[PDB]
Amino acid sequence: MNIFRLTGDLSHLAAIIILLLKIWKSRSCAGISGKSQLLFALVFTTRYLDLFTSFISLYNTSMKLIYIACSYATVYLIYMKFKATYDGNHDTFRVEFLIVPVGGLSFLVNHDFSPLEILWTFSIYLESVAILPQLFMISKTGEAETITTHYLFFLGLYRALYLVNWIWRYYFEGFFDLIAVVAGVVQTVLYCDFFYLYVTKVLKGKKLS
């Protein structure tokens, strides 16, 4: 454990609470991609099956349970409670172009050919591209609300901090995971345009696009 991964985790929990409180207080999920939230719920579901086989720490167990609960609660608000404000007409990314190939690649390229390891790998590849339906909806609709841009900033910063965490762990404890690293680079690379626009427009009081 280092400050880079702790800040990465805190930034990820911040993104999840920003979005959940935005929908809850405003009673509306307008502008939010439901498809991305189904993919992030699927990530925590396939990654944290080890909760039944391993205990790392109270913090690790608590963070897993919190991520699962908040992810399922966000999907519930979009598709059931506030479904009247869900913009289905603009959240049109065909998610089967992500799930089917990512499923194929997790079976072929993994550390071990076993159900739990394959499912863990699928969560790592799926998370790389999970935000694609939300960025696609913003490009289609045009703009993005300020609170939605803050959510995207803390979510994007989280895996960027994990890359710093992996440099630290490689240097100090000789630990290295090429699957998490490569996928984490792909994950961060997809935020490049958003980050440039967030810094040049949003942080200067201007609207996105």
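We call the rigid core the largest set of C-alpha positions that still match within 1.5 Å between the two forms. We number the residues from 1 along the sequence you see.
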| request: Taking the root mean square of C-alpha distances over all structures and residues in 6 other deposited structures of this protein, with a rigid core superposition, name the larger of 71-79 and 135-143. | output: 135-143
| query | Which of 53-61 and 23-31 lies farther, on average, from the shown form in 6 other deposited structures of this protein once the rigid core is superposed (C-alpha RMS)? | reply | 53-61
| note | Ranked by mean Cα B-factor in the entry, 136-144 and 39-47, top stretch is 136-144
| note | Between 167-175 and 150-158, the record assigns the higher mean Cα B factor to 167-175
| note | Entry-reported C-alpha B-factor of residue 16 relative to its chain, by third, is middle
| field | residue 97 by Cα B-factor - lowest, middle or highest third of the modelled chain | value | highest
| request: Could you tell me which third, lowest, middle or highest, the C-alpha B-factor of residue 114 occupies within its chain? | output: middle
| Where the record places residue 85 (Cα B-factor, split into thirds across the chain) | middle
| request: Would you mind ranking residue 68 by its C-alpha B-factor against the rest of the chain and naming the third, lowest, middle or highest? | output: lowest
